[PDB]
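Student: Pasting in a structure now, in C-alpha cells, and then I'll have a few things to ask.
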Amino acid sequence: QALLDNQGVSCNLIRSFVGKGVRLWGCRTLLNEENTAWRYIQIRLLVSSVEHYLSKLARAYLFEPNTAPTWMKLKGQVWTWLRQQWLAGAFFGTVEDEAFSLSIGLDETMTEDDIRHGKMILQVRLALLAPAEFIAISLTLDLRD
Amino acid sequence: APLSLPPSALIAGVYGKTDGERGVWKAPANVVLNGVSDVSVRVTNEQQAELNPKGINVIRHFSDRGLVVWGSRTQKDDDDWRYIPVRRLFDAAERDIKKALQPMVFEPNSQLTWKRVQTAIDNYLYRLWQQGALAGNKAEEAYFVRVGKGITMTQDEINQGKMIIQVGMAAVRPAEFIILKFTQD
Amino acid sequence: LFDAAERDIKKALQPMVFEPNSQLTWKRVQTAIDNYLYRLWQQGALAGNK
Amino acid sequence: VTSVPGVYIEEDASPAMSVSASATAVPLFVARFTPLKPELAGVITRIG
Amino acid sequence: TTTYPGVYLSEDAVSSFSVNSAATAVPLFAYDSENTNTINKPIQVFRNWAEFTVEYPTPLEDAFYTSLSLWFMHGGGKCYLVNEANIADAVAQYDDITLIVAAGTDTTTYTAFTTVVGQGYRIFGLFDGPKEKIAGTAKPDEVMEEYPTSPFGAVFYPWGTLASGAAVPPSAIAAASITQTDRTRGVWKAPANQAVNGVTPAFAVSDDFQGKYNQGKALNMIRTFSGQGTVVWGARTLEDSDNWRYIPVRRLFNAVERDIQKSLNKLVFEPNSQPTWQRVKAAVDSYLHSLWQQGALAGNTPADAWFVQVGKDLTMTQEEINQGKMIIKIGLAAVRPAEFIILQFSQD
Amino acid sequence: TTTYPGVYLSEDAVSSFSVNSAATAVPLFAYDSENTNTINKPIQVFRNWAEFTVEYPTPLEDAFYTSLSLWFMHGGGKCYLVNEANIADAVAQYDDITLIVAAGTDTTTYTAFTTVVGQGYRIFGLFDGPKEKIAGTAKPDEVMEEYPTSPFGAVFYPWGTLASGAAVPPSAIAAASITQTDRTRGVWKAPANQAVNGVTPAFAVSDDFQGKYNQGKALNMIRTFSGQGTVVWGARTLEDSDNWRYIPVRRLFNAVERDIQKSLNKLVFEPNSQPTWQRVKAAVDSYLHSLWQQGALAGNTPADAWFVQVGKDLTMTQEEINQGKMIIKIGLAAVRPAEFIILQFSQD
C-alpha cells in the first residue's frame, strides 16, 4: 500500500489477472504530471521515430539553395508521407489539416539574415490522440411508466 | 560523510537550459535542480520574508517536486533594474550590435550611411519583438532608433567625428505575487 | 404601517454602523431601501398611482 | 505585505445587505398567574 | 546557435494549463491525545477500513471508533486522525484536509480552529451540538457563544446516539451525509436530504424549537421523518449573512480556488506579457463554463453568470507590474439552496 | 572620455521610482521587569507560534502569556517583546514598529510612550482601562486624568476574562481586532465591528453607560450583542477636535507617509532642477490614484480628492533653493466612520 502516495514519481504496475494472463498495467512517464503530453510513454516514442524519420530525410537536403521552390520540394514530401501515416491512424484528427501542418516560408520561418546565414527552417505541427484508460459508467433507469 | 558545496557551480548550468527553449527573457525559477540529496540548512517561509528584500535569492525544498531554485532578484533595488532578465536582456542586445558595427568604424558620416545603419537596427528589434520579449502592445511602441543630423546631433560634433545612436526598448517583467481578490459581484 | 417599516430597516443597518462615509456606501444603502418599498408598493399598500 | 513570490489568495469582503420583514404579533400579558416552579416567578417566558 | 553546417532542430516551448479538480472531503478526525484506549501516536494517517481493522480489530466505544465505523460504513475515504494538539501542523503539511470533525472535543479545538483561520487556510470545519435536551423555554442564544463564529461550521445538535452502540457526535454523522453527497454529486448540492443508516438521534427534536433556532446561528438539528429516516436537516453557516448562509455556497468558494491557487504555482517567474494575460483567461472560463453547465453555479449566458477581467490597466497597472505584481479579479453568479417553500393559491 | 578610436557605449543615468505599500502591523509588547517566570533577556523577537511554544513549554497565568496567546490565535505575525525600560531604544532601531500596547503596565509605560512621540517617530500606542467596576453613580472625569492626553491611543475598558484561563488585558483584545482588519479590508476602516473569538467580557456594561463616556475622552467599551458576540464597539481617540478623532483617520495619515519617507532616502543629494520636480509630482499622484479607487479617501473628480504641487515660485523661492532646501506640500481628504445613523420619515 506504499507507493500509492502519488507525491513521488509514477511507476508501471504489473498485474496478474484472473481470467487472463499477467497484464501490464502502467504506461505514464515519470513526469508525474497531468498536462504535459510527456506521460503515456508511446507519445514520447512516437514522436522520436518521426524525428528519426525527418532527420532521415533532412540530411538529404543538406547544402541546398535557399529558394522558395526548393522549399516546396520538401513540402510535397512530408505532406505526402504523414498523410498516409495519419490515414494509417497513427495520428489525431479526421482531416489531414488538423492532423499535421507545415509552416516553412520567407518570414514564416526564415529571414534574409538566415538566408545569408543559410538556415533552412520549418515549423512542424501535430494534434494528439489519447488512450481510453478508465471507465466512468453512469446508469439511468428511465422509468418508462 | 557527505561533503558540502557552494552552489555557484551548478547554478551556472541552469542558465544554459532556460536560454535554450525559452530564451534569455525568462527568469529561471521553476526549473528543477537535477540531482542532489538535500539542502544543508532548511529554510522556512517566515524568514523567506526577511531575505527576499535586500535582494538575495534562495534554494527552497518542496515535498512533491523536491529542491528548486527560487527568486530572481538582483542586488541594488531601484526600479531601474531589480530583475535578472531585464538586466540580462540589455546586456545581450548590446553585445550583438556592437560586434557588427566594428567592421564599419571609419566610414564617412554622410546621409546614406545613416539610413543603412538605422534600418539594420530596426530589423533586429522587430524580429525580437514578435517573439514575445519586448512588453509592448499591438502598436509599434517598442523602439525609437534615430540617427539623423537635425535630431539627436548637430554640426559641431561632426568635426570631431562622432555618431550618436539613441535607441531604447521596453522589456518584459516577470510575474510574481499573483493576487486573486474574489468578489461577490 | 410606519411602525413596522422602520423596525425592519433598523435591524439590518445595525451590521453596518461603523463603515466609512464614502460615496460607494451611499449608493449601496439607497438601493437596498429602494428595493424594499418597491416590493411593498406593488402588493397594494402604498396609495400611489401608476 | 507580499515578500515570498509564491501565489497569494485574497477575497473581497463587504457588508452588503438586504432587508427582510418580520411579523407584527406575539405580545406579552402582565396578568397574575400561578407558576409551578420557583424560577418561573418573575421572568419572561415564551409560550408556544 | 548554428555553428557547424548541418541539421539543428527546435520544438514547441510552453503549453496551456487547467486546474486539477479536488478531493472535497479529507477529514482529520479529532483524536483525543489524553485518551489511552488507542494509539498514543497523535496523528493517524488512515486510508480505509482494512488498516483500520488491522489497527482496531478491537470494538471500542469511544467516539472516534464509532466515527470510523460509521465513516467507513458510508464508504469513507483516506481520512486522518490527529490529536487535539497537532491540528495546524499536518494542515500546514498535508494540503488536502477539507473537513474538521468534533469528536466531542471543543476547548483547544475551537482555538486551534480559529487559529488557522486566523491565517485562513481555506478549510471547512464543523462542530458538535451541545450534549442533551435544551429545555427550549428560554435561553435561546446562551447555547451558542461557546462556539467561535466563522463562515466555517455548524453544530448539528441531536447527538445521534447510534442505538447499535455509543452516542455519536453528529459531526461524524453528518459527514456521512456529505460522504454520500460528493459521491452523489459534488459540493454545491447541500447534504441536507441524505439519510443515514442505523443511527438513531437521541432526541426527536421539534418543528418550532427547530424553527425558532433556524436563525441566529447554525444549529441545524438532524431530524427523523417518515420516508426519509434520521435525515440531516437545515443548511446554514454560523453567520446569518447574505453573503454567507447556506454551507455549500460557502463550501463552493471554499472549493473553487484551492484547485486554482495550487494549479498556477507552476506558472510564476514568467514574462508578465500581454499574450500571457489573455491566455490565462482562456483556460478558466471554459472550466467555469463546464462547471456552469454542470449546474454547480447559477446563471444563464455564463459570462453573465461570472465575469473575468485581467489586463494592463483594468487590472495590474504599471509600477506594480514593475514591482512584479499581477492582480486579477472575477465575480460570479452562484446557486442558492431552496431552503424554504411557500406556495400561493388563487381561484381565477 | 573619448581617448582612443573605437566603439563606445553609454546607458541611461536615472530611472523611475515609486513607493512600496506598507507593513501596517508590527507590535512590541509590555514585559514586566520584576517578573520571575521568564528570561532575563530584555529584547526577544518572536515570528510565529512555533518558537513561542519551545521557549515557553508550560502554560502560565501571567498577563504577557495570556496576551501573545491571544495575538497568534487570531492570525498575527512578527511581534516583539521588550522590557518596560527600553522602549525608547527599541523603537529607534528596528524601523518597523507600529503599535505600543500595554500588557498590564501603566505607571512607567506612559512615560516611555510619550518619549518616542517627542522625537516624532509617528507611532500609535493603545492603553488599558481602569481595573474593575466603575459604579456609575457619579464621577465621570476622575478616572481619566491618569492617562496621557494625545492623539495616539485608546483605553478599551471592560477587561475581557478569557473563560478558558485567567484574565486578558484589553490591549491584546484590541490588537487582535486590527490584525484581521488590515488583512481583510484595508487600514482606513476602523477595528470596529470585526468579531473576536474565544474571549468573553467579564461585565455587562449597559446601553447608556456608553453615552456619558463618549464625549471628552474615548472609553470605547467592549460590548456583547445578540447574534454577533463579544465585539469591540467605538473607535475614538483621546481628544475631541474636528481634525483628530476617529482612530482610522489617524492611522491613514500615519501610514501614508512612512512609505514615502522610506522611499525618498535614495533621492536625496539629487540635483534640485526642473526634471526632478516633474518626476516626484508624477510619482506621488500615481500612488494616490491607486488609493482612491480602493475607497480609502473619498471624493469625485480626483483633482478634488487630493492635490500635489512643486515648483520654483509657488513654493521654495530662489534664496532657499541656494541653501539646498527642497520643500513640497500635499493635502488630501480621507474618509470618516459613520458613527451615528439617523433616519427621517415623512409623507410626500
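Student: If you take the residues in segment F:278-301 that are part of a loop (DSSP other than H, G, I, E, B) and surrounded by 14 or more Cβ atoms within 10 Å (Cβ to Cβ), which one is nearest to the chain's Cα centre (by Cα)?
Tutor: By that ranking, first place goes to F:296.
Student: Another one. Within 14 Å of chain E (Cβ to nearest Cβ), exposed (fewer than 13 other Cβ atoms within 10 Å of the Cβ) and among the polar types (S, T, N, Q) - does that describe any residue in segment A:48-62?
Tutor: There is at least one residue in segment A:48-62 that is within 14 Å of chain E (Cβ to nearest Cβ), exposed (fewer than 13 other Cβ atoms within 10 Å of the Cβ) and among the polar types (S, T, N, Q).
Student: Could I ask something else about it? Consider segment E:334-348. How many of its residues are without any contact (Cβ under 8 Å) to a residue 60 or more places away in the chain and crowded, with 18+ Cβ neighbours inside 10 Å?
Tutor: The total comes to 0.
Student: Looking only at segment F:183-221, which residues are under 18 Å from residue E:114 (Cβ atoms) and either under 12 Å from the mean Cα position of the chain (by Cα) or not small (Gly, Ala, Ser) (or both)?
Tutor: Answer for segment F:183-221, where residues must be under 18 Å from residue E:114 (Cβ atoms) and either under 12 Å from the mean Cα position of the chain (by Cα) or not small (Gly, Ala, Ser) (or both): F:183, F:184, F:191, F:193, F:194, F:196, F:197, F:199, F:200, F:201.
Student: Report, by residue number, each residue of segment F:83-128 that is under 17 Å from the mean Cα position of the chain (by Cα) and on the phi > 0 side of the Ramachandran plot.
Tutor: Result: F:95, F:120, F:122.
Student: Considering only residues that are of a type in the set (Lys, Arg) and within 12 Å of chain F (Cβ to nearest Cβ), which ones fall in segment B:83-119? So that I can check it myself, show each step before the final result.
Tutor: Let us first name the residues in segment B:83-119 that are of a type in the set (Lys, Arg), namely B:87-88, B:95, B:98-99, B:115-116.
Result: B:87, B:95, B:98, B:99.
Student: Quick check on residue A:63: is it more than 30 Å from residue E:183 (Cα to Cα) and either within 15 Å of the chain's Cα centre (by Cα) or in contact (Cβ under 8 Å) with a residue 60 or more places away in the chain (or both)?
Tutor: No: the conditions fail for residue A:63.
Student: Follow-up question, since we're still on this one. Applying the selection to segment E:266-277, what residues are of a type outside the set (A, V, I, L, M, F, W, C), surrounded by 15 or more Cβ atoms within 10 Å (Cβ to Cβ) and within 22 Å of residue A:33 (Cα to Cα)? Don't jump to the end; show me each part of the working.
Tutor: In the first step, residues of segment E:266-277 are kept if they are of a type outside the set (A, V, I, L, M, F, W, C); the result is E:266, E:270-276.
From what's left, surrounded by 15 or more Cβ atoms within 10 Å (Cβ to Cβ): E:270-274, E:276.
Selection gives E:270, E:276.
Student: Follow-up question, since we're still on this one. Would you point out which residue out of B:138, B:115 is assigned to a loop (DSSP other than H, G, I, E, B) and free of Cβ contacts under 8 Å to residues at least 40 places away in the same chain?
Tutor: Values: B:115 fails: assigned to a loop (DSSP other than H, G, I, E, B).
The match here is B:138.
Student: With the requirement that a residue be touching a helix residue (DSSP H, G or I) at 6+ places or on another chain (Cβ under 6 Å) and of a type in the set (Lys, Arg), what does segment F:303-338 give you?
Tutor: Scanning segment F:303-338 gives a single hit, F:336.
Student: Where residues in segment F:17-37 are in contact (Cβ under 8 Å) with a residue 24 or more places away in the chain and of a type in the set (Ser, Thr, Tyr), which of them is farthest from residue F:100 (Cα to Cα)?
Tutor: Applying the filter and picking the extreme gives F:18.
Student: Something else now. Quick check on my filter: what residues within segment E:307-329 are within 8 Å of chain B (Cβ to nearest Cβ), part of a strand (DSSP E or B) and either over 31 Å from the mean Cα position of the chain (by Cα) or free of Cβ contacts under 8 Å to residues at least 40 places away in the same chain (or both)?
Tutor: E:327, E:329
Student: Restricting the search to segment B:50-74, which residues are within 14 Å of chain F (Cβ to nearest Cβ) and exposed (fewer than 15 other Cβ atoms within 10 Å of the Cβ)?
Tutor: B:50, B:53, B:54
Student: Of all residues in segment E:236-258 being surrounded by fewer than 22 Cβ atoms within 10 Å (Cβ to Cβ) and farther than 19 Å from residue E:331 by Cα, which is nearest to the chain's Cα centre (by Cα)?
Tutor: Out of the qualifying residues, it is E:239.
Student: Determine the pairs where a residue that is more than 11 Å from every other protein chain (Cβ to nearest Cβ) and surrounded by 10 or more Cβ atoms within 10 Å (Cβ to Cβ), located within segment C:26-48, has a partner that is outside any helix (DSSP H, G or I) and of a type outside the set (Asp, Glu) with Cβ atoms under 8 Å apart, the partner being 6 or more residues away or on another chain.
Tutor: C:41/C:48; C:45/C:1
Student: Can residue B:79 be described as over 30 Å from residue B:146 (Cβ atoms) and not in a helix (DSSP H, G or I)?
Tutor: Details: over 30 Å from residue B:146 (Cβ atoms): no; not in a helix (DSSP H, G or I): yes.
So residue B:79 does not fit the description; no.
Student: Hey, another quick one. State which residue is surrounded by the fewest Cβ atoms within 10 Å (Cβ to Cβ) when the search covers only segment A:96-124 and only residues that are aliphatic (A, V, I, L, M) and more than 25 Å from the chain's Cα centre (by Cα).
Tutor: A:106
Student: In segment B:150-163, is there at least one residue being loosely packed, with under 13 Cβ neighbours inside 10 Å and either in contact with a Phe, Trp or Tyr (Cβ under 6 Å, 6 or more places away or on another chain) or of a type in the set (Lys, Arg) (or both)?
Tutor: Looking through segment B:150-163, at least one residue is loosely packed, with under 13 Cβ neighbours inside 10 Å and either in contact with a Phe, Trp or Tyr (Cβ under 6 Å, 6 or more places away or on another chain) or of a type in the set (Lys, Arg) (or both).
Student: Right, next: Do you know which residues across segment E:98-135 are without any contact (Cβ under 8 Å) to a residue 24 or more places away in the chain, more than 25 Å from residue E:261 (Cβ to Cβ) and not polar (S, T, N, Q)?
Tutor: Answer for segment E:98-135, where residues must be without any contact (Cβ under 8 Å) to a residue 24 or more places away in the chain, more than 25 Å from residue E:261 (Cβ to Cβ) and not polar (S, T, N, Q): just E:135.
Student: Pick from B:160, B:131, B:184: which is within 14 Å of chain F (Cβ to nearest Cβ), under 30 Å from residue E:260 (Cβ atoms) and in a loop (DSSP other than H, G, I, E, B)?
Tutor: B:184
Student: Cβ contacts < 8 Å: first residue under 18 Å from residue F:68 (Cα atoms) and within 12 Å of chain E (Cβ to nearest Cβ), restricted to segment F:193-213; second residue among the hydroxyl-bearing types (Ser, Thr, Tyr) and not in a loop (DSSP other than H, G, I, E, B), any location; separation 6+ or different chain. Result?
Tutor: F:196/F:177; F:197/E:110; F:197/E:114; F:198/E:110; F:198/E:111; F:198/E:114
Student: Looking at segment E:257-282 only, could you name the residues that are facing chain B (nearest Cβ under 9 Å) and within 10 Å of residue E:19 (Cα to Cα)?
Tutor: If the condition is that a residue be facing chain B (nearest Cβ under 9 Å) and within 10 Å of residue E:19 (Cα to Cα), then E:257, E:260, E:261, E:264 are the ones that fit.
Student: So, in segment B:168-181, of the ones that are within 10 Å of another protein chain (Cβ to nearest Cβ) and part of a loop (DSSP other than H, G, I, E, B), which residue ends up surrounded by the most Cβ atoms within 10 Å (Cβ to Cβ)?
Tutor: Residue satisfying both the conditions and the ranking: B:176.
Student: Moving to a separate point now. Identify all residues within segment F:163-177 that are touching a residue at least 60 places away in the same chain (Cβ under 8 Å) and either within 14 Å of chain D (Cβ to nearest Cβ) or surrounded by fewer than 20 Cβ atoms within 10 Å (Cβ to Cβ) (or both); write none if there are none.
Tutor: Within segment F:163-177, F:165, F:166, F:167 qualify.
Student: Next question, about the same structure. If I filter segment E:136-147 for residues that are basic (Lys, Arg) and free of Cβ contacts under 8 Å to residues at least 40 places away in the same chain, do I get at least one hit? Please lay out each step first, then the result.
Tutor: Our first condition is that a residue be basic (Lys, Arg); within segment E:136-147, this holds for E:139.
Checking the rest, the ones that are also free of Cβ contacts under 8 Å to residues at least 40 places away in the same chain come to E:139.
Yes, segment E:136-147 contains a residue that is basic (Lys, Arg) and free of Cβ contacts under 8 Å to residues at least 40 places away in the same chain.
Student: Here is a follow-up. Regarding residue E:295, is this residue touching a residue at least 12 places away in the same chain (Cβ under 8 Å), away from chain B (no Cβ under 14 Å) and out of contact with any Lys or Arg (no Cβ under 7 Å at 6 or more places or on another chain)?
Tutor: Answer is yes for this residue.
Student: What number of residues within segment A:112-130 satisfy the criterion of being more than 12 Å from chain E (Cβ to nearest Cβ) and farther than 29 Å from residue A:94 by Cβ?
Tutor: Matching residues across segment A:112-130 total 3.
Student: Further question on the same structure: In segment B:9-25, which residue that is more than 7 Å from every other protein chain (Cβ to nearest Cβ), in a helix (DSSP H, G or I) and surrounded by 11 or more Cβ atoms within 10 Å (Cβ to Cβ) is farthest from the chain's Cα centre (by Cα)?
Tutor: Among residues in segment B:9-25 that are more than 7 Å from every other protein chain (Cβ to nearest Cβ), in a helix (DSSP H, G or I) and surrounded by 11 or more Cβ atoms within 10 Å (Cβ to Cβ), the one farthest from the chain's Cα centre (by Cα) is B:17.
Here, each number is a calculation from the coordinates, and none is a lab measurement. So basically every Cβ, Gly included, is an ideal-geometry build from the backbone, and we count neighbours across all protein chains shown.
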